[PDB]
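An overview of the molecular structure
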Amino acid sequence: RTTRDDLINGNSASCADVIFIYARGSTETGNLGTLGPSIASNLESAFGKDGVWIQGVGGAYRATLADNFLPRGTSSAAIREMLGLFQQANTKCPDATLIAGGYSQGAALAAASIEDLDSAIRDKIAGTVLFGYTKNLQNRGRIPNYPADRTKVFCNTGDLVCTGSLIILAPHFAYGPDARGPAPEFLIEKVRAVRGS
């Protein structure tokens with residue numbers, strides 16, 4: 001339901017052509033949360049069940065509230081977790097195109113992990129989508145070390161976390177529409193431009 005593990009248990013002899021690594025937000029259940037499943041259903045329709053592997057960031061990432069106050073908007077531990085998954089994907093399936101996404105704290109996590117990622121693997125990521133990015137102001141609407149034409153941030157009007165504060169108002173919980181449509185569509189568009197399809 002809110003937990004998908006296709007990379008971790010993924011059989012190398014049956015590699016997906018695409019792999020989606022996603023990070024939930026504070027307090028959210030499973031390793032996908034409330035938005036994760038929405039994007040996934042879309043990826044499976046465009047590519048097929050056998051076409052994509054959906055992987056959430058669980059393990060050591062335990063979307064804690066207090067960790068929003070840490071230097072990089074997340075824990076040192078969580079960053080290694082997500083970083084670890086990228087390396088694993090590149091290992092089991094070196095020909096698979098990679099894509100990623102994150103929400104609130106997971107948005108911060110995605111930014112930090114891809115920033116610390118080995119450049120050769122980082123080039124494999126066709127696209128990344130971020131919702132209610134907590135480090136938007138600070139990181140100037142971008143992901144450190146990642147290209148503009150591959151990044152897509154969603155920051156509703158009124159959401160102060162995008163402005164640079166940690167005040168959580170109502171707009172922060174309104175990314176459902178985005179996740180059901182513009183998010184997966186941008187990712188799918190990205191996968192086909194870099195491969196052929």
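Residues numbered from 1 in each chain as written, not as in the entry; some residues may be left out. Heavy atoms only, no water.

Another aspect to go through is the pattern of salt bridges. Per the stated rule, a full pass over the model turns up four salt bridges. A single salt-bridge network, built from bridges that share partners, covers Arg4, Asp6 and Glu44. (Salt bridge = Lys/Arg side-chain N within 4 Å of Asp/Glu carboxyl O.)

Our next topic: helix α6 (residues 182-195). When the terminal C-alpha atoms of α6 are compared, their 21 Å separation across 14 residues agrees well with the 20 Å that a helix rising 1.5 Å per residue should span. Where α6 is buried, its residues contact β1 (18-23), α1 (36-47), β3 (97-103), β4 (125-131), β5 (151-154) and α5 (176-180). The positive-phi residue at the C-terminal boundary of α6 is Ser197, with phi of around 60°. (Helix = DSSP H or I, 4+ residues; strand = E, 2+ residues; numbered from the N terminus. Expected span 1.5 Å × (residues − 1). Contact = heavy atoms within 4.5 Å.)

Next up on the list: the UniProt feature "active site" in the chain. UniProt marks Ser104, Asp159 and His172 with the feature "active site", using the numbering shown here. In terms of the greatest pairwise C-alpha distance, the residues named above, spread along 69 residues, form a tight cluster of at most 10.9 Å across. For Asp159, the location among the structural elements is in the loop between β5 and α5. Apart from residues lying up to four places away in sequence, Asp159 is in contact with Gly132, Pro171, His172 and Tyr175. Of note, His172 is situated in the loop between β5 and α5. (UniProt positions renumbered as here; feature names shortened; annotations may be inferred.)

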